[PDB]
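Form deposited in one PDB entry, single chain, as structure tokens, below.
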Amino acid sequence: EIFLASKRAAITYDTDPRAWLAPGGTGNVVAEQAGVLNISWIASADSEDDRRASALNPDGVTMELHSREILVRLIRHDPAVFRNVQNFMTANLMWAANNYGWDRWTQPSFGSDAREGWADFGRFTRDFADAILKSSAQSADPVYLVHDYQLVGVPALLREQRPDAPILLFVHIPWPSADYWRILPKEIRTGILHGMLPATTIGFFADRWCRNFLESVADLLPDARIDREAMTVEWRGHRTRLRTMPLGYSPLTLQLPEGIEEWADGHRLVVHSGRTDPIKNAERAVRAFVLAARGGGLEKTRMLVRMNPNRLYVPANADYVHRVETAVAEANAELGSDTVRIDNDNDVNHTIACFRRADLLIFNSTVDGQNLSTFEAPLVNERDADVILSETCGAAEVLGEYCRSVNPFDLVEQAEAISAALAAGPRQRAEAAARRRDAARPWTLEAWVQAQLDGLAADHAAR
């Protein structure tokens, strides 16, 4: 019997009664997993509509994915507990701590808010734990799949009630270096770990994340013993195993925005694509393109920055959008009017179409847990587009050889790579794109779900 819980569900209630999940983001991923495994899933009720929906149906709400039909069991939290955790989680706290948003010299500075969110997080965690254990209460052997960085607190709680059941905690974001983790206040930095370690298996998308996690546990829990070879953690009589389970794309979930086809006609098209989130790094990308375009030969080339609006209420995300806009404008002032454009909407089909039309794809994240875009876009591109991929994406551990692996902070290197990519002829690119697509293709959602099960199974058996 398999029980899967995910923090986040972006459902929309329109009329064809009609409830559906938004594509992209982790939510769709975990929902797809429920479809593969044929289960219910557990997630939180965000909006009032979600709260209303769960009240009417306690047994489960039914929604259609971007593909399939899944059955969610939403949780109604406290509307002040939950609203506050959805600040803690955000870059203000949790997001900034795992995706490297702090400079230390001037940010962060923790106060009373941190103790309060940390408490609310405890309530939010129990909310989830109680709800897993309940809907799994009539199960002789249950198997727990806990998905993500919000549900970090969860395994410790489950292990109390089900101390012999297999638990996988899977984190979809990076884990930072020990030194950076310590920035977090003491109760949080150890408390988070106290809740993760009781899991049978902790998984990430990349080795670097697993290594950083171990170094953290060794830096903060003295009565702990780690094995960098075995990727293991023994602590208070828990044996925890760390695993890399890379993920690429969903085969199933696979035309152009207004005026784009026209603007790009007879032009080489550079495409940056990513969420309105500072880590996607489109400011630096636009900057690096200007750098390439003074270095000439880039004529007849145009850049398109695809953004997907997301959490624009967090100052950072909206500042990122502003930084990017300013750069685009400055680029157009220097290189000539309409050289670069932004397209900032939420249509996932518009994005895939841009993946298709691209001559050069840039995925230069400052950091990224994986980046599924960098798998999808080659697998759909019809132009044999080159791919500039940052060394700091989890994906680079799988496709870095097959791509122009760049340092996301170096503009000169990013520009030179853009120049190189665009100077390559059709036959050179066709060749490269061919291999890229071969390196990408086998990393399917189905195959990742399998990797979770096979991993958990073997690790549970090695107790």
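So that there is no doubt, residue numbering starts at 1 and follows the sequence shown. In this text, the rigid core denotes the largest set of C-alpha atoms whose superposition between the two forms falls within 1.5 Å.
### Query
Is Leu254 a gap in at least one third of the other compared entries?
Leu254: unmodelled in at least a third of the other compared entries.
### Message
Please classify the unmodelled stretch of the deposited sequence between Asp16 and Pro17: none, 1 to 3, 4 to 9, or 10 or more residues.
### Response
The entry has a gap there, with 4 to 9 residues left out between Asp16 and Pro17.
### Deposited residues omitted from coordinates between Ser405 and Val406, as a class
The entry has no gap there; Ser405 and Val406 are joined directly.
### Query
Do the C-alpha atoms of 125 to 133 or of 187 to 195 have the higher average B factor in the entry?
Higher of the two, by average CA B-factor, is 125 to 133.
### Query
Going by the B-factors listed in the PDB entry, is the mean over the C-alpha atoms higher for 296 to 304 or for 202 to 210?
It is 296 to 304 that shows the higher mean C-alpha B-factor.
### Task
Sort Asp120, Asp277, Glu261, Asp386 by C-alpha B-factor from the entry and give me just the highest.
If I rank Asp120, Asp277, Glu261, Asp386 by C-alpha B-factor, first place goes to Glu261.
### Top Cα B factor in the deposited entry, candidates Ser419, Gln428, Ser44, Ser40
Of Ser419, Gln428, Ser44, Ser40, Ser40 has the highest C-alpha B-factor.
### Query
Hey, what third does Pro176 fall into on Cα B-factor, ranked over its chain?
For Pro176, whose C-alpha B-factor we compare with every modelled residue in the chain, the answer is the lowest third.
### Query
Looking at the C-alpha B-factor of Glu48, is it in the lowest, middle or highest third of its chain?
Its C-alpha B-factor belongs to the highest third of this chain's values.
### Query
Once the chain's modelled residues are ordered by C-alpha B factor and cut into thirds, is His272 in the lowest, middle or highest one?
Ranked within chain, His272 CA B lands in the lowest tercile.
### Cα B factor band for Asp103 (lowest, middle or highest third within the chain)
Its C-alpha B-factor belongs to the lowest third of this chain's values.
### Third of chain Cα B-factors occupied by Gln150
Lowest third, going by the recorded CA B-factors of the chain.
FYI, the form deposited in another entry isn't displayed, but the following is about it.
### Task
Please name the single residue among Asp49, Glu431, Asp438, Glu401 whose Cα shifts by at least 2 Å between this form and the one not shown after core superposition.
After core superposition, the one over threshold is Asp49.
### Message
Once you overlay the rigid core, does the Cα of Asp410 travel 2 Å or further between this form and the one not shown?
### Response
No, because once the rigid core is superposed, the C-alpha of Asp410 moves less than 2 Å between this form and the one not shown.
### Query
If we fit on the core, is the Cα of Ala22 displaced 2 Å or more between this form and the one not shown?
Yes; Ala22 is a residue whose C-alpha shifts (by 2 Å or more) between this form and the one not shown when the cores are overlaid.
### Message
With a threshold of 2 Å on the C-alpha, tell me if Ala451 counts as moved between this form and the one not shown once the core is superposed.
### Response
The answer is no, as the C-alpha of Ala451 shifts between this form and the one not shown by less than 2 Å after core alignment.
### Message
Please check whether, in the other form, the CA atoms of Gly25 and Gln450 lie closer or farther apart than here, given a change of 3 Å or more.
### Response
Compared with this form, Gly25 and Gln450 lie closer in the other form.
### Task
Kindly indicate if, in the other form, the C-alpha atoms of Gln450 and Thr26 are closer or farther apart than in the structure shown, bearing in mind the change is 3 Å or more.
Relative to the shown form, the pair is closer.
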